[PDB]
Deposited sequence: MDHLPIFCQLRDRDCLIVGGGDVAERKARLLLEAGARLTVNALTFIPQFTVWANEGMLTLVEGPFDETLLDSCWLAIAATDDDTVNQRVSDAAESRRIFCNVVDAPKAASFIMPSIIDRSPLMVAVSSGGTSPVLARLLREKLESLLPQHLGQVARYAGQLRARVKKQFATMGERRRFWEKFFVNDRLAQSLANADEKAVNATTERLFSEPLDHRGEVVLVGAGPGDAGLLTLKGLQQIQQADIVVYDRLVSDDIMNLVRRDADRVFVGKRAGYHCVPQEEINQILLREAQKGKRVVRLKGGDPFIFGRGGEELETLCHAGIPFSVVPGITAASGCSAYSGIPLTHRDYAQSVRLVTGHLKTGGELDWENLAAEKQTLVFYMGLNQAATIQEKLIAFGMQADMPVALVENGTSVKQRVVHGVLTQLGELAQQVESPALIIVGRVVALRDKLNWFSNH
C-alpha cells in the first residue's frame, strides 16, 4: 500500500486552492460539492469563479500566493501552471502539516485526488497511485455503470428500517439476506428519489411482508438492436440482478453474456424456424415465476413497447400485485439510423417520421406515399416488392431514395441502397432482421457513413 485512502468531512472546513484557471475550477467544483469553506487565491480568475463568488459559494483573493492563507486550512491544492509556485505552496503546506495536492505532479506532494464515483452517502474512489490516470478512468467508467443512480437513496433509508429488521429477523444470517435484497431494490430507490410516499411504503412493506428468500417482480428490458454497447446502464444493472432471464432470438449473444451466470435462462424464441412460444404462455411464466418470488427479467430485442409487446406481458401483472417496471431500449429504427449514416430527420427532407409494421387488416398506402416524411418499415422484407408497387402507384416518386439495413449495429451490419424502383430487388439481397427506410434522408449517407459495411 503506497497511499492510505481516507474519506474527509469537509463541510464548513477551510480549504485553499491556488490557481484560477480551468484545472483549479474542477478542484473547486469538487471541494464545493463536498461543502468546503473555500478560498481561492490566484492572479486572474475565469468567469465561473466570479459566478460562485457572487452567490456566496467561495472567497476570492486576487494576487500572488499569500502563504498566510494556509494558517487555518485543512487542505490545499496547488493548481497553477507554474511549477515553482506550486512548489512553494507544497512546501508551505508540508511545513505546517497540511495535506496538499500538487496538481500537475501527483507523487510530489501529500495526497492524490482519486477518480470518484458519487452515490452519496455511498462513495467509491479509484487511484492509479500516480501510474496511469487512464486506468483510473477505465475503472471509474466500469464502476459507474455498475452502481445504480439512486443507490444513495437506500443507503440513507436503511437507517429507518434497522430496528424493524432486528425485530422480525433474529439471526445474523437472516438480517444479512435482508440487506442483500433491500440494497438491490431499484424500485424502492426510485420511489424515494421521486418522493412517492405511498409506493415507498407499499414497497417497504412488501419487503417485510414477503418470504425472505422471495424477490418477486417483473422487469421488461430493451436489449437494443444487437450491439452490447447500446444496452442502457439500468438495463445492465437489471440484468446482473436477475434470477431468471426470459429472452427471444433478437436479443444478441454479446448481450446475453452480460447476463449473470446461472441466473436461469428461458428461450421463448422461435426454435429452428418452426416452434415459437405463444404469447399467453410467455405472459404466464413471467407472472408465474414472479409469483414464486423470482426477480424476472424479460429481455426484449430493441425496445419493449415498439412492435414487441411488453404491453401484453404487463397488463396481467397489474393484477396479481406483482410489482413491475420497464427499461426502454434503443429501437431498431434508432440503432440502424445512427449506424448507417441515415438521419431519420434532417433540415428540409422531412419532419414527420413513421414507424410502420410490415407483414389482420392491411396497409394504408397514401398515408404512406405522402410527403415531407421518412418511412421506416419493421418486418417488411417479404413484402418489399408489394410495397414498391403500392407506393409508386399512389404517387411516390420513382427516384425516391431507399435503403435496407440488416443486423443493424452489429459487427455484420449490411446496408444496401438505391431508389424506390429497386426496393424489392435490393430486398432479395438481405435477410431478416432488417428494416426498410424510404425517404430523401437516405442520400445523406454519402456524407455521414462511418461504420463498416458487410
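Undergrad: Provide the list of deposited-sequence positions lacking C-alpha coordinates, grouped into contiguous ranges.
TA: Seq positions lacking coordinates: 360-362, a single run.
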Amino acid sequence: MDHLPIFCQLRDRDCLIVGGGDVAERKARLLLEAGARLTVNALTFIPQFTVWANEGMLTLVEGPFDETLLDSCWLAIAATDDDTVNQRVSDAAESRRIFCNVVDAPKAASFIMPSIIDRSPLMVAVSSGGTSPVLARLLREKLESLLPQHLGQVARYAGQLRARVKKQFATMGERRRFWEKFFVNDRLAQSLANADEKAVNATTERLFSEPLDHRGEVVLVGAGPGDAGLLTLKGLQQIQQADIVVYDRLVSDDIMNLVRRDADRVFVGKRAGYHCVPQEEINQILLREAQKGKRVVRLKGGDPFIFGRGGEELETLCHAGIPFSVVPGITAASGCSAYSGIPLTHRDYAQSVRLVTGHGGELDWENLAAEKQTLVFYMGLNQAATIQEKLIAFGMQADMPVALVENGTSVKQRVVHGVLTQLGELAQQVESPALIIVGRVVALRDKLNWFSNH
From here on, numbers count along this sequence of modelled residues.
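Undergrad: Test of understanding: from the entry's C-alpha B-factors, which stretch has the higher mean, 89-97 or 103-111?
TA: Higher mean C-alpha B-factor: 103-111.
Undergrad: Mean Cα B factor from the PDB record: higher for 44-52, or higher for 405-413?
TA: Looking at the record's C-alpha B-factors, the answer is 44-52.
Undergrad: When the CA B-factors of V245, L233, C276, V219 are compared as recorded in the entry, which is the largest?
TA: Most elevated C-alpha B-factor of the set, per the entry: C276.
Undergrad: Among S120, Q284, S145, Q383, where is the Cα B factor highest in this entry?
TA: Largest recorded C-alpha B-factor: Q383.
Undergrad: Ranking every modelled residue in this chain by its Cα temperature factor as given in the entry, which third contains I392?
TA: Top third by C-alpha B-factor.
Undergrad: Give the position of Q429 by CA B-factor within its chain, expressed as the lowest, middle or highest third.
TA: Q429: CA B-factor falls in the highest third of its chain.
Undergrad: Please say which third, lowest, middle or highest, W179 falls into when its CA temperature factor is compared across its chain.
TA: As the PDB entry reports it, the C-alpha B-factor of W179 lands in the middle third of its chain.
Undergrad: Quick check for you: using the entry's CA B-factors within this chain, is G360 in the lowest, middle or highest third?
TA: Top third by C-alpha B-factor.
Undergrad: Can you tell me which third, lowest, middle or highest, the CA B-factor of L448 falls into for its chain?
TA: Middle third of the chain for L448's C-alpha B-factor.
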